[PDB]
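Same chain, two versions here, written out as structure tokens and called structure 1 and structure 2.
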Structure 1
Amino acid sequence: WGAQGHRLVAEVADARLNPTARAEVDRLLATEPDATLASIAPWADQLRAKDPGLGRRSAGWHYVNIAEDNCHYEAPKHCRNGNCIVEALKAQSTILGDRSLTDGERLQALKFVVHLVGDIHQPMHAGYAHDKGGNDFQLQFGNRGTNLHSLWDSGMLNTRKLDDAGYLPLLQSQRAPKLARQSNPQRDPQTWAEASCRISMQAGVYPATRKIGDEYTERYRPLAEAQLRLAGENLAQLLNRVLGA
């Protein structure tokens, strides 16, 4: 997602934290002045200005290309060197839960976990290798030149013309998604990436025309918004388990 999508996932999650996780999240955040779960949510996309080395090191962690393999993830094939979102989310969840680390080390892991739970729910972050997750599927969207990846990251969300305070209660007023009975931090990332990939492969998500507009928005913006709500609920359930026991 773009930055607004990341912040909305965090804002949905923040309100669903249990008291234990609330307290520990606030304590980790307070080690960095002005940090909130929302403000840190875009951080992993913004590393070029102040931590370009980490940005280079972690750029592959934002996606996994499994649509060629019918949305059946295999770590050795799809995640060489741990360089994909499934293995990165698993590792950063472990690091976040390691109370023996410094606050700085745990906060960095929190920033990755918040971002990556968002990205692993963006269908085009779990799509085809051969068109770079839709980046090479060129579109005109209300006449603007774009691509299917960007359309899902921000194009459709931008059509609401809402700030976070207007968009958040829209997401919260949706029907509640049915979550797993418990967080499994090491198994859930694969489940989520495969679910996202299956959306990318649904008939119509790749549109029949390159010229699209309101018809596509009216059909699929609700699904993008459902995915933001689902990501936020999944992020809260994960933080409640890792930080809230």
Structure 2
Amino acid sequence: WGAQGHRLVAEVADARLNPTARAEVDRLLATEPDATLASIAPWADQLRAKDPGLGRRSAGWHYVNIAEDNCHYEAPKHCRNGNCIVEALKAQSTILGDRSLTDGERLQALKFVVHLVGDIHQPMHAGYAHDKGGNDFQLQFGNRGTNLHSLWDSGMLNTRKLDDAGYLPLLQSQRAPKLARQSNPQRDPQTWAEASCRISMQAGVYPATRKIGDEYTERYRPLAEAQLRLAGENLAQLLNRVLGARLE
């Protein structure tokens, strides 16, 4: 997603935190003055843009292109050295849950987990290697050029012309999505990447015309918005599992 989609995922999640996970999240955020779950949600994209070390190393962690394999993820094929969103989200979830680590180390893992639960729910982040997740699929949206990747990251969301205070209660108003009964931090990333890939392959998501506008927005903006709400509920369930339990 763009920066607003990332913040909205975090905002949906923050409201659903159990008291134990909320206390631990606030403890980690407090190590970075005035940080919130929303303000850190875009951080991994600015790290990618600005840090020639970890930023360059982590660029692959934002996606996994599995549509040419009909949305059947296989790590040795799509992800050999672990540089894809499925393996990165698994590892950063393990690091976040590691109570032996410093609050600074665990905040860094929280920043990756908040971002990548957002990205793994963006259909074009699990799409075709051929066109780099739609980045190479140029199209005209209204009287402006864009690409299919950007259209899903932010183009359709921007048509609401809402700041987060306007957009968040619209996402919260939707019918509740059906979640898995429990978070499995090691298995759910693959399930989520596959589900996002199946949306990228749905009839009409790749349009049959170079020029699109209101009809595309009317059909697919609700799907993008359903995916933000789903991402937020899935992020809260993950944080509630990873940070929410200690007894026994």
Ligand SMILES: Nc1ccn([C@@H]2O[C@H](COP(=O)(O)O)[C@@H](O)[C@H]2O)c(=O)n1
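Shifts are known only where both forms have a C-alpha. So that the term is clear: the rigid core is the largest set of C-alpha atoms that superpose within 1.5 Å between two forms. All residue numbers here follow the sequence of structure 1, with the first residue given the number 1.
- [ ] Just flag whichever of structures 1 and 2 is the form deposited with the ligand bound.
- [x] It is the second structure that is the form deposited with the ligand bound.
Open item on the list: Given a cut-off of 2 Å on Cα movement between structures 1 and 2, rigid core as reference, pick the single residue from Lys211, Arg198, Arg48, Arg219 that exceeds or meets it.
Closed with: Residue with a C-alpha shift of 2 Å or more: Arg48.
- [ ] Can you read me the CA shift for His125 between structures 1 and 2, rigid core superposed, in Å?
- [x] Once the two forms are fitted on their core, the shift reads 0.2 Å.
- [ ] Provide the displacement, in Å, of the CA of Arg80 between structures 1 and 2, taking the core as the superposition reference.
- [x] Residue shift at the C-alpha: 1.8 Å.
Task: Structural rearrangement between structures 1 and 2, runs of 3 or more with C-alpha shift of 2 angstroms or more, core superposed - done: 48-52 is the lone stretch that moves between structures 1 and 2.
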